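Below: one protein chain in two forms, given as structure tokens, structure 1 then structure 2.
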Structure 1
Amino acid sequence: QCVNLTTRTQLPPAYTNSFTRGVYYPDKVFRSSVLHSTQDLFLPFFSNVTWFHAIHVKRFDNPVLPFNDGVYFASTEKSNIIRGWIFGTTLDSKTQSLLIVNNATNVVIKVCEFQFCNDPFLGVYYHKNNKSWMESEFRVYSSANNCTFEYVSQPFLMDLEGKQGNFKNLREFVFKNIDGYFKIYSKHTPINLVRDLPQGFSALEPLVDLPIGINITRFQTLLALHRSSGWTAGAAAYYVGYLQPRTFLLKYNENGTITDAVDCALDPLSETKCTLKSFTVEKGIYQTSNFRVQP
């Protein structure tokens, strides 16, 4: 059973800058003290990301956006609202659907032909007499039908909490769809009460390499709502950006982890740094390989 709880408020998406976010490890080999150059789907530095936040002010919004080539995800978290996604192509009818979910202790991955209503949510019920809270609710899909794939593992979204103060749980994700393999990268970084993508660097670790092979064009993010304007609750804000085919140059530190990445298509200084393969450049003339224009 599902219900028309839209209460959608229309506001323009406040485009904001990520400042050198969205880079991951391109390969599964331990290098160190090297400047390996790679060409892969990466979020470009100083790129427009979409600040989506449906809360504060009964403002609820959760539109269907295009997976394009990849989807950089962030989830500055306060009270565990973002619970998963429903990647797919049509998200209804007779087509194949993906229902990436992060449960209370595990991660359930199902690629199947689910039917979806317009406003999917996960509803948690709290009782006074027994106090047990159960996820025994399913309103993202009405039912499931002629199903193909199921996967249970350790959950992606991990607390990493217990520490105090102003630090926040910034949860980063990278989704890409290549050779029918939905690759998922993630890392979690504490941030000292920042209201914007932090000024630092990220190293997104590989999590799963799912052998799915399904068409994914219009993805969407699940949320969790309590019971209690029926079925409303929480507080959340997340940020979505898209990966494009670019070229980066990564410098590896002495621990084997990346320190900083120098893009090859934003600034003339970065193009010269890319075409000379070094992170320090002196004064002079540096002929640059051509990455400025793409037809």
Structure 2
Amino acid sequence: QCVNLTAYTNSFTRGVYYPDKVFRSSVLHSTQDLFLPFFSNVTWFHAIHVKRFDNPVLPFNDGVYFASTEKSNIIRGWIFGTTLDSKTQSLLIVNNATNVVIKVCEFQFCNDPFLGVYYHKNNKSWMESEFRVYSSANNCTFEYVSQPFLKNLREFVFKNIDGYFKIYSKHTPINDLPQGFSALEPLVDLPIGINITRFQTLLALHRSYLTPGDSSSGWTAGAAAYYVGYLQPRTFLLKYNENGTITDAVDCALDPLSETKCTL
């Protein structure tokens, strides 16, 4: 069943991805697309505090930039849709130690969905429930199974256009978002073709076997936090070095200097 569980930073120059699958070397390429603007305000969410819970449902707008410097595999996937109930179709992405599962299905999501992890009395094996994420799943259309893609910052870009759902990802070692450039590589393109208006992050909680699991006293987890930003239609100038890797970019609307750079 469902269990009742319940700041801003600078984005600098993060959120650049490869616009197409064409190899280019040592060239300046201008492209109009949906990008996260430079030096924008990115919202920082503390999903779990110290235990205090706050995992809200956020709008999708024209695309989403997601970031997390987490190493405790608390964050496991995402939910996308419009009403997030049985009246419409929704998309669900779940990761674990061996695979990633993507499903377009008509789910009936709980108010506070999470993935429960159960450990055996002898510590040799465990299990994952997914019974607290949704109550029903019918009229199920799309399925996809692959290898998982989840001091270590992870960045994702989500777009939904032309009947395709596009995901780009990047993993980088760091030591609140850093400076510098790291272009996001294309991860997946799914021919899904649905409405997406809202989305919510999926977390994983462990079991405390001293109290029943239908209350907040039966689940425990560590602190988790993430960063969220939104994409807007902009013209960008990307630089491809000799190895075919994007190493710098210019936003043609940030300030008059950048506009002058793009004009030339």
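By convention here, residues take numbers in order along the sequence of structure 1, the first being 1. Take the two forms, find the largest set of C-alpha atoms that superpose within 1.5 Å, and that set is the rigid core. Residues that one form lacks are left out of the comparison.
Scan 130, 215, 148, 79 for the one whose CA shifts by 2 Å or more between structure 1 and structure 2 after superposing the rigid core, and name it. Of all the options, the C-alpha that shifts by at least 2 Å belongs to 130.
Could you tell me how many Å the Cα atom of residue 103 shifts between structure 1 and structure 2 when the rigid core is held superposed? For residue 103, the C-alpha ends up 2.0 Å from its position in the other form.
Shift in Å of the C-alpha at residue 179 between structure 1 and structure 2 after core superposition: So the C-alpha of this residue moves 1.1 Å.
In sequence order, what are the runs of at least 3 consecutive residues whose C-alphas shift by 2 Å or more between structure 1 and structure 2 once the core is aligned? When the rigid core is held fixed, residues 54-57, 127-131, 136-138 are the runs that shift.
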